[PDB]
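One chain comes next, on its own, written out as structure tokens in the form deposited in one PDB entry.
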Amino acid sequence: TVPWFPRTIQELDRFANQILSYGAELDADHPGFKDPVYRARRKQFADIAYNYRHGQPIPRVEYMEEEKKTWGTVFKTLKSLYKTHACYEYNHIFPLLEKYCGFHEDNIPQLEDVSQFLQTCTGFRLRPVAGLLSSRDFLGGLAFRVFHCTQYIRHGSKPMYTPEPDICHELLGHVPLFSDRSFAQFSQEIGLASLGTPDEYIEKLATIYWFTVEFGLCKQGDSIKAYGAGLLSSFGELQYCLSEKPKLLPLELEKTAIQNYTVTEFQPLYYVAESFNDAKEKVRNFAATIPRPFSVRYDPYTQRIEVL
């Protein structure tokens, strides 16, 4: 049989009912494990994602002073690096995010405003997500230019560290790239490649995503920069990834897709994308080798996936 996959953007709503119910915030070694207030705060954000439905505006939340502080620290220390470490598409859009979305040290931007802004850039939109989606559902959203975005923030005791995605990582890491046309199309190709795809291949697509969307390096003229969200949201690894220590290889999907990695230390290896259009092409070609007895196309006019 062929695994189920949403045919319309509205059907993404089926995901919030298929997430991991026991999140990392419940682990003993989580920075906020002993903090019951944090625990309730997380549950509150999880309830917002749980009751969200496609088409609804995303609930605004008044962030506590302590939370705004954690964001300030992460924002200020990371910002100093972008001008020289982030790829062009990132820097080109960051100022706009600053003027129209409240990207500032003393303010945590609201997902609704960020979503509207991405919509006018590339049609990308966000939807609040409770916790970790399966790779199949997470990647599936991308086919509709939809990004499941966390809304809670890491625990204030360790501002420069998070064992999971949190809002600082979504906004400072992912958002600027989804504002770029080429990147938008490239990430969508990954989404399209995953629809109705067999599990073993979903894993391959997750690995490609890891080495591009999360930890990718781009070729910029004769230089190299970071575009991977996991890098753009990690002060330490962002500086390291452009140093002489890591090993760099050109993005090559048959190899990238089976390359192991661990999410615990700095990556020993990075793949360099020639450009987003090229990575997009490479995914399309790679998608062609996936055994699916059909083809898929997203029609932005109706927000439906066409199955051939």
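Each residue number is its position in the shown sequence, starting from 1.
> Can you tell me which stretch has the higher mean Cα B-factor, 155 to 163 or 226 to 234?
In the deposited entry, the stretch with the higher C-alpha B-factor mean is 155 to 163.
> Taking only the CA atoms, which stretch has the higher mean B-factor in the record, 61 to 69 or 29 to 37?
For C-alpha atoms only, the mean B-factor is higher in 29 to 37.
> Please work out which residue in 106, 214, 170, 112 has the highest C-alpha B-factor recorded for this crystal structure.
In this record, 106 carries the highest C-alpha B-factor of the candidates.
> Per the PDB entry, which option out of 279, 242, 263, 49 has the greatest Cα B factor?
Within the set 279, 242, 263, 49, 263 shows the top C-alpha B-factor.
> Comparing against every modelled residue in the chain, figure out the third that the C-alpha B-factor of residue 133 lands in (lowest, middle or highest).
For residue 133, the deposited C-alpha B-factor lands in the middle third.
> By its CA B factor, does residue 85 count among the lowest, middle or highest third of the modelled residues in the chain?
Answer is lowest: the recorded C-alpha B-factor places it there.
> Going by the CA temperature factor in the PDB record, which third of the chain does residue 56 belong to: lowest, middle or highest?
Ranked within chain, residue 56 CA B lands in the highest tercile.
> Of the three thirds of its chain by CA temperature factor, lowest, middle or highest, which one includes residue 91?
Middle third by C-alpha B-factor.
> Thinking about Cα B factors across the chain, which third does residue 125 belong to?
Its C-alpha B-factor belongs to the lowest third of this chain's values.
Although not depicted, the form deposited with a small molecule bound is the subject of the following passage.
> Could you confirm whether residue 72 comes within 4.5 Å of the small molecule in the entry with it bound, counting heavy atoms only?
Result no; residue 72 lies far from the small molecule in the entry with it bound.
> Does the 4.5 Å heavy atom contact test between residue 103 and the small molecule in the entry with it bound come out positive?
It does not: once the small molecule is placed as it appears in the entry with it bound, residue 103 has no heavy atom within 4.5 Å of it.
> Since only the chain is shown here, I'm wondering whether residue 117 would be in contact with the small molecule in the entry with it bound (any heavy atom pair within 4.5 Å).
No, no contact at 4.5 Å.
> Is the gap between residue 145 and the small molecule in the entry with it bound 4.5 Å or less for some heavy atom pair?
Although the small molecule is absent here, residue 145 would stay clear of it in the entry with it bound, with no heavy atoms inside 4.5 Å.
> So which of 227 to 235, 118 to 126, 86 to 94, 105 to 113 is the stretch with heavy atoms within 4.5 Å of the small molecule in the entry with it bound?
Single hit among the candidates: 227 to 235.
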